[PDB]
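Working notes, beginning with the structure itself.
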Amino acid sequence: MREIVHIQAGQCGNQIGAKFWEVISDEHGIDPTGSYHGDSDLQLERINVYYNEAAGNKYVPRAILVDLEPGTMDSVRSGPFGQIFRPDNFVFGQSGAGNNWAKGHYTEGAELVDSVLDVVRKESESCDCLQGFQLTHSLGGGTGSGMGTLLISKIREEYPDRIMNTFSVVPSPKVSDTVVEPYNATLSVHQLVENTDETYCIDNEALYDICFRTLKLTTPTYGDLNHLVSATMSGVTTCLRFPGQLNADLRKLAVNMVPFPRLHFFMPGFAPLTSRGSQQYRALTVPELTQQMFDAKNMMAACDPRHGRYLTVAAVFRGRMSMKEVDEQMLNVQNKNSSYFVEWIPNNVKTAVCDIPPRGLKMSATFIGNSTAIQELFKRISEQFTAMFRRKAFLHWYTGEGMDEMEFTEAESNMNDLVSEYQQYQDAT
Amino acid sequence: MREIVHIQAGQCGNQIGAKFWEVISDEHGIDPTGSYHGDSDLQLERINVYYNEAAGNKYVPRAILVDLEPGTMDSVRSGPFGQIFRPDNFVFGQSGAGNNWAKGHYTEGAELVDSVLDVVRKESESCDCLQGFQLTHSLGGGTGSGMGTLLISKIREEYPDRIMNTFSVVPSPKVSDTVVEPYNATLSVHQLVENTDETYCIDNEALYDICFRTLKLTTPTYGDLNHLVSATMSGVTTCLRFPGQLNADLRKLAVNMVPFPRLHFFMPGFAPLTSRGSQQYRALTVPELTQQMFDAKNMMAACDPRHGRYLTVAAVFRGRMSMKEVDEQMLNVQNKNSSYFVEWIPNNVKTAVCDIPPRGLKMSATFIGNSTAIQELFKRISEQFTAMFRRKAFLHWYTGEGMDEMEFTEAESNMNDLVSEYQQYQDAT
Amino acid sequence: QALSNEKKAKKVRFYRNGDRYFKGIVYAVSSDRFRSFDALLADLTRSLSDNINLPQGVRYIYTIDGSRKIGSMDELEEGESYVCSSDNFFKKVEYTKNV
Ligand SMILES: Nc1nc2c(ncn2[C@@H]2O[C@H](COP(=O)(O)OP(=O)(O)O)[C@@H](O)[C@H]2O)c(=O)[nH]1
Ligand SMILES: Nc1nc2c(ncn2[C@@H]2O[C@H](COP(=O)(O)OP(=O)(O)O)[C@@H](O)[C@H]2O)c(=O)[nH]1
């Protein structure tokens, strides 16, 4: 039971997912053919959460792949672990997004969403007891922001109680991959605050720093950046796929991390992260995993947590370890750092301990932290939105697709209704 | 006992039958010479239904082949499994149909039907206990529509209690193989509603979609289209040729599917239909066979069943399977789809389970469904008939063969008496 | 002036003739995308008929009532649905019910 349907969208959502299913297959021991080559029987006990058993002892992923041009789906099926996906799940159109939200959500999104939901409904009626979905997209482009938020608004009308978490890629503050990325992010957060349950904000700029300052990589390609995100995605549901001492899932984190139904934007973090030649000058103990999570140089969003306050903090530990050693380190970082946590929530640290480590290490952790330091992330989108909208530039590519200015005004007013909440609950008593 | 006499007619009725006897011979293990090369003794137990044992352990088919020109019979005897038919059964004339119903039913039909019925009467007096006939023709051409309906009107005067089922090929809505195909279909349904017991309506357009959307064939020739019809023809009588758990035949389907003696036009459907490279990404279970039958992209008539209501539904399963697993899937598709079935018939699903699969698969099904969604099929014939008849065009090729306008008026009035019944019983209570 | 003449898309709906089970896809009808009325019928070809409707294709667009054959694109308006037919004969069913 408790199955998860995986949905991908856009160019970035595929290349995270094409690395994500390479990590899941190595934890459960799946070849690129689709057979099984494990050693212990714990890998086949909970195999139904990400895999459907096909005929002939082959396991295929429960993945749904969406794009508007076939240029990125052609590289996914031809790469490694690309023969494992079912060929019916590759749903793709011929027009293309054009790096445009209006062509992703209104014009070419409507011609495709009736064919995608024939695959979502078929996979959801095949599972025994559905846990909840998950989505991998990016707020910068057109398909991951237009087609990605269109799928959530149609799913939530059909499944109003299942959880729905998105692994978004929030655009970096310094460099800009897209000229119109403030428009594609402002018109997407307006959809995510009313239709999701929890959201993982990831910045590209915070991932280039970890590969440069912490891991000391010379030439980090996207095979090295997306490998860190896929370790965090598996690290959230790792208490659902393996037996543990204190178990969690996608529902217990949606209760213990979200106190108000609009404040559900997180920031992720993985530990341990050692360099190539510095993984022998280090002891792998629980007080080493603790003091590597909470510092600012290990976050995945480009925002220092010292500017704000933590509301809720989740720490998902993996591997065999003493529970006294975990329950003391989480307490010690809460007493001495008593200003950076919040006052009106006592004991705001959630602990989850699994048993099976990732392939290669001895123990590992995963940091899922909420904060009011992401109000700096929504000031920079809202400042760059109002800098472009007051001249009404890059607007005839949006108005020409059947859109008015009131769509923008209610989008930016919703974001300033979100900034006035993180500033409100930061200064409570 | 329970023998079946097979009758073919026209160009299309031969090339379905010449593929049909290639599938029956592979289930019973018959070489193209006519000998036997089986392995188990279950293939010779019920061999008498489609075969007469000749002298020297050779089995010849009980087939009667009718045409008006020798151009198509020359290709049947020269192809594979063409040496198996008896040379006396090739009854053919020298004139030719001319793609004309009046030359098929009145002028050249009368010069041939006295020679065909010398072969029908000889084969029917040689069987022990006759079950019923079957016919393969097409409503578009001249021989399959004129000579084909003339044989039924002469048989029913001689055998008033034996069943008589026709595998017609109803013309497609979009393209048109024949200019006068509304005349050859309107003047044939008027004969079939008074002289048959059940009729399988098959459209060509719904078979091109299955070879393009479901099987993913690049170049589907008629060897690939007629192979699907021949699998459905054998799938109806497959509970008569092999032992089973819940047995059916051509009589139990004629009782459980036909509630009124004018409503006997069906739509067929076969399952499973896998692609060439997608037959490994699929589990062959009973809930996979169920949800592949009832959707609209697997029918063989060009009409969506969602436009109307199912009166009766037959599902003939093949292969070893649990009866609890079949009796629950048929119930589950009846409770949740409670609007698309009819109200005044409770438990309108007929189940038949055989034991021996087709050659190559592990289990298979066959869908024999009645619906009021075929009223769209008779609106399009009646609209195209009245569009051509009100100008009285293409009429001197019919009136010149001894025919009046009252033959047409009582034909089209009978069809609108058929459309006013499917609209009547769709909105009952 | 730089804020130009407000190139806007009409949000119109296109039902298809006879098919009672259809909703109508909202198009971006604008003066930028279709220079002539005859170019609008070309986009109606692929996105209305898929398997079962319209053998003659897309010829005669009627009103939602309908009693007026639509002329140029200036005969259209903003925010009204339309029925797309392909013959001189018009089928009178309830199109705009249950949008
Ligand atoms: N982390 C990561 N981000 C990527 C990758 N490829 C593209 N992106 C991000 O995707 C965004 C560009 O949008 P795009 O992927 O083309 O989406 P689309 O235009 O909607 O199809 C930028 O924010 C890029 O940083 C990748 O391999 N890894
Ligand atoms: N499925 C199928 N239909 C066929 C085939 N050959 C002809 N037809 C159909 O037969 C009709 C044409 O009539 P025809 O076969 O010549 O019959 P006749 O004119 O009465 O001898 C059309 O509806 C064709 O689609 C075939 O091999 N397979």
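In the structure tokens, chains take letters A, B, ... by order of appearance, with residues numbered from 1 within each chain and ligands from 1 in the order shown.
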Find the residues near residue 347 (chain B): any atom within 12 Å, counting only C-alpha atoms, skip ones fewer than 3 places away on the same chain, and give them as a list in words.
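The filter keeps residues 256, 310, 311, 312, 313, 314, 327, 330, 331, 332, 333, 334, 335, 338, 341, 342, 343, 344, 350 and 351 of chain B.
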Selection above as a file: C-alpha atoms, as a short mmCIF file (atom, residue, chain, number, x, y, z; two decimals), in the first residue's frame:
```
data_model
loop_
_atom_site.label_atom_id
_atom_site.label_comp_id
_atom_site.auth_asym_id
_atom_site.auth_seq_id
_atom_site.Cartn_x
_atom_site.Cartn_y
_atom_site.Cartn_z
CA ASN B 256 -28.93 -13.36 -23.46
CA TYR B 310 -25.58 -0.78 -23.15
CA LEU B 311 -28.55 -3.11 -23.17
CA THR B 312 -26.66 -6.40 -22.90
CA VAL B 313 -22.94 -7.19 -22.67
CA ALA B 314 -21.25 -10.54 -23.31
CA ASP B 327 -17.21 -12.05 -11.30
CA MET B 330 -17.69 -7.33 -14.32
CA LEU B 331 -19.55 -6.10 -11.23
CA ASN B 332 -17.14 -3.22 -10.59
CA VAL B 333 -17.48 -1.78 -14.11
CA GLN B 334 -21.26 -1.95 -13.70
CA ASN B 335 -21.53 -0.10 -10.38
CA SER B 338 -24.07 3.01 -13.64
CA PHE B 341 -25.85 0.82 -18.63
CA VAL B 342 -29.61 0.52 -18.76
CA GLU B 343 -32.01 0.65 -15.82
CA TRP B 344 -34.84 -1.76 -16.69
CA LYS B 350 -23.10 -12.33 -19.51
CA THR B 351 -19.95 -14.30 -18.65
#
```
Select, as an mmCIF file with N, CA and C atoms, in the first residue's frame, those residues of chain C with any atom no more than 12 Å from chain A (distances computed using only C-alpha atoms).
```cif
data_model
loop_
_atom_site.group_PDB
_atom_site.id
_atom_site.type_symbol
_atom_site.label_atom_id
_atom_site.label_comp_id
_atom_site.auth_asym_id
_atom_site.auth_seq_id
_atom_site.Cartn_x
_atom_site.Cartn_y
_atom_site.Cartn_z
ATOM 1 N N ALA C 2 4.872 54.417 -27.093
ATOM 2 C CA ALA C 2 5.382 53.051 -27.158
ATOM 3 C C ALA C 2 4.387 51.992 -26.721
ATOM 4 N N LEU C 3 3.508 52.280 -25.761
ATOM 5 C CA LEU C 3 2.476 51.332 -25.362
ATOM 6 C C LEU C 3 1.458 51.225 -26.488
ATOM 7 N N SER C 4 1.568 50.170 -27.290
ATOM 8 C CA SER C 4 0.952 50.122 -28.609
ATOM 9 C C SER C 4 -0.541 49.813 -28.507
ATOM 10 N N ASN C 5 -1.140 49.461 -29.646
ATOM 11 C CA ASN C 5 -2.585 49.481 -29.858
ATOM 12 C C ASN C 5 -3.337 48.310 -29.229
ATOM 13 N N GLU C 6 -2.752 47.613 -28.247
ATOM 14 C CA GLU C 6 -3.401 46.563 -27.453
ATOM 15 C C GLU C 6 -3.868 45.411 -28.354
ATOM 16 N N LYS C 7 -2.873 44.704 -28.888
ATOM 17 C CA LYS C 7 -3.133 43.508 -29.676
ATOM 18 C C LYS C 7 -3.738 42.442 -28.773
ATOM 19 N N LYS C 8 -5.048 42.263 -28.873
ATOM 20 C CA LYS C 8 -5.810 41.456 -27.934
ATOM 21 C C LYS C 8 -6.381 40.222 -28.616
ATOM 22 N N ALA C 9 -6.561 39.166 -27.837
ATOM 23 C CA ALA C 9 -7.147 37.929 -28.322
ATOM 24 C C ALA C 9 -8.579 37.832 -27.824
ATOM 25 N N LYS C 10 -9.503 37.575 -28.740
ATOM 26 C CA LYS C 10 -10.864 37.261 -28.349
ATOM 27 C C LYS C 10 -10.915 35.863 -27.745
ATOM 28 N N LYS C 11 -11.703 35.716 -26.687
ATOM 29 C CA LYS C 11 -11.874 34.432 -26.008
ATOM 30 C C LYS C 11 -13.204 33.845 -26.470
ATOM 31 N N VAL C 12 -13.182 33.189 -27.624
ATOM 32 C CA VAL C 12 -14.380 32.617 -28.220
ATOM 33 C C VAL C 12 -14.305 31.101 -28.146
ATOM 34 N N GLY C 24 -15.769 22.659 -26.644
ATOM 35 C CA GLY C 24 -15.310 23.820 -27.379
ATOM 36 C C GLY C 24 -14.046 24.435 -26.818
ATOM 37 N N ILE C 25 -12.971 24.405 -27.593
ATOM 38 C CA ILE C 25 -11.669 24.877 -27.139
ATOM 39 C C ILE C 25 -11.579 26.379 -27.368
ATOM 40 N N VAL C 26 -11.196 27.117 -26.331
ATOM 41 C CA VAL C 26 -11.070 28.569 -26.420
ATOM 42 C C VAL C 26 -9.812 28.911 -27.206
ATOM 43 N N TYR C 27 -9.972 29.683 -28.279
ATOM 44 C CA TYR C 27 -8.865 30.026 -29.163
ATOM 45 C C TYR C 27 -8.396 31.453 -28.925
ATOM 46 N N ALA C 28 -7.206 31.758 -29.439
ATOM 47 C CA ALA C 28 -6.646 33.106 -29.391
ATOM 48 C C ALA C 28 -6.882 33.784 -30.738
ATOM 49 N N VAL C 29 -8.146 34.084 -31.016
ATOM 50 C CA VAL C 29 -8.508 34.782 -32.245
ATOM 51 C C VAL C 29 -8.073 36.236 -32.130
ATOM 52 N N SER C 30 -7.155 36.651 -32.998
ATOM 53 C CA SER C 30 -6.625 38.006 -32.990
ATOM 54 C C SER C 30 -6.299 38.429 -34.415
ATOM 55 N N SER C 31 -6.097 39.731 -34.596
ATOM 56 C CA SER C 31 -5.685 40.281 -35.879
ATOM 57 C C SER C 31 -4.223 39.996 -36.191
ATOM 58 N N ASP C 32 -3.439 39.594 -35.195
ATOM 59 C CA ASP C 32 -2.042 39.244 -35.404
ATOM 60 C C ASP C 32 -1.866 37.824 -35.921
ATOM 61 N N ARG C 33 -2.777 36.919 -35.575
ATOM 62 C CA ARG C 33 -2.626 35.508 -35.894
ATOM 63 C C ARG C 33 -3.339 35.093 -37.168
ATOM 64 N N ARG C 46 -7.824 20.941 -37.997
ATOM 65 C CA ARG C 46 -7.170 19.887 -37.231
ATOM 66 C C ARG C 46 -7.712 19.762 -35.812
ATOM 67 N N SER C 47 -8.129 20.862 -35.194
ATOM 68 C CA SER C 47 -8.416 20.865 -33.768
ATOM 69 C C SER C 47 -9.893 20.662 -33.454
ATOM 70 N N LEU C 48 -10.698 20.291 -34.444
ATOM 71 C CA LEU C 48 -12.095 19.948 -34.208
ATOM 72 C C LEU C 48 -12.416 18.517 -34.600
ATOM 73 N N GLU C 78 -16.684 39.391 -28.704
ATOM 74 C CA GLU C 78 -15.841 38.927 -27.610
ATOM 75 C C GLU C 78 -16.670 38.214 -26.548
ATOM 76 N N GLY C 79 -16.367 36.937 -26.325
ATOM 77 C CA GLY C 79 -16.985 36.205 -25.237
ATOM 78 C C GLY C 79 -18.260 35.471 -25.580
#
```
All residues having an atom within 9 Å of ligand 2 (only C-alpha atoms and all ligand atoms) as a PyMOL selection string:
chain B and resi 9-16+67-69+72+96-101+104+137-148+169-172+176-178+181+202-204+207+221-223+225-226+229
Check the DSSP output for the backbone and give back, as a VMD selection string, the residues of chain C in alpha helix (DSSP H).
chain C and resid 37 to 46
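Note that CA of residue 317 (chain B) and CA of residue 280 (chain B) are 21.5 Å apart.
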Of the residues A:224, A:45, A:118, A:123, which is the one nearest to ligand 1, using only C-alpha atoms and all ligand atoms?
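Closest to ligand 1 of all the choices is A:224.
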Tell me the residues of chain A close to chain B, meaning within 7 Å using only C-alpha atoms, as a count of residues only.
3
Just the strand (DSSP E or B) stuff from region 30-89 of chain C, please, per backbone DSSP, written as a list in words.
residues 60, 61, 62, 81, 82, 83, 84 and 85 of chain C
Those residues with C-alpha atoms, as a short mmCIF file (atom, residue, chain, number, x, y, z; two decimals), in the first residue's frame please?
```cif
data_model
loop_
_atom_site.label_atom_id
_atom_site.label_comp_id
_atom_site.auth_asym_id
_atom_site.auth_seq_id
_atom_site.Cartn_x
_atom_site.Cartn_y
_atom_site.Cartn_z
CA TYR C 60 -19.90 27.15 -42.77
CA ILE C 61 -19.72 28.65 -39.27
CA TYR C 62 -23.12 29.38 -37.74
CA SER C 81 -19.55 30.69 -28.27
CA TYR C 82 -20.06 29.52 -31.85
CA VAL C 83 -21.13 26.36 -33.68
CA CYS C 84 -18.88 25.09 -36.48
CA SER C 85 -20.66 23.25 -39.29
#
```
One number please: CA of residue 190 (chain A) to CA of residue 265 (chain A), in Å, one decimal.
12.8 Å
Rounded to one decimal, what separation in Å do you get between CA of residue 373 (chain A) and CA of residue 217 (chain A)?
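These two atoms are separated by 28.0 Å.
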Using only C-alpha atoms and all ligand atoms for the distances, tell me which of A:339, A:166, A:149, A:115 is nearest to ligand 1.
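Residue with the minimum atom-to-atom distance to ligand 1: A:149.
If you count only C-alpha atoms and ignore residues fewer than 3 places along the chain from residue 201 (chain A), what sits within 8 Å of it is residues 167, 168, 169, 170, 265, 266, 267, 268, 300 and 301 of chain A.
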Top pick for closest residue to ligand 1, considering A:254, A:349, A:73, A:49 and counting only C-alpha atoms and all ligand atoms
A:73
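Closest approach to residue 208 (chain B) among B:297, B:241, B:416, B:353: B:297, based on only C-alpha atoms.
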Which residues are close to residue 71 (chain C), i.e. within 12 Å by only C-alpha atoms, leaving aside same-chain residues fewer than 4 positions away? Reply as a ChimeraX atom specification.
/C:36-38,40-41,59-63,75-76
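Contact shell of residue 35 (chain B) at 7 Å (only C-alpha atoms; same-chain neighbours under 3 positions omitted): residues 30, 31, 57, 58 and 59 of chain B.
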Excluding residue 61 (chain A) and any residue of its chain fewer than 2 positions from it, enumerate the residues within 6 Å of it, using only C-alpha atoms, and give them as an MDAnalysis selection string.
chainID A and resid 50:51 63
Restrict the selected residues to C-alpha atoms and save them as an mmCIF file, in the first residue's frame.
```cif
data_model
loop_
_atom_site.group_PDB
_atom_site.id
_atom_site.type_symbol
_atom_site.label_atom_id
_atom_site.label_comp_id
_atom_site.auth_asym_id
_atom_site.auth_seq_id
_atom_site.Cartn_x
_atom_site.Cartn_y
_atom_site.Cartn_z
ATOM 1 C CA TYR A 50 7.536 3.375 -6.992
ATOM 2 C CA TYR A 51 7.200 0.244 -9.114
ATOM 3 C CA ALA A 63 6.228 7.837 -13.782
#
```
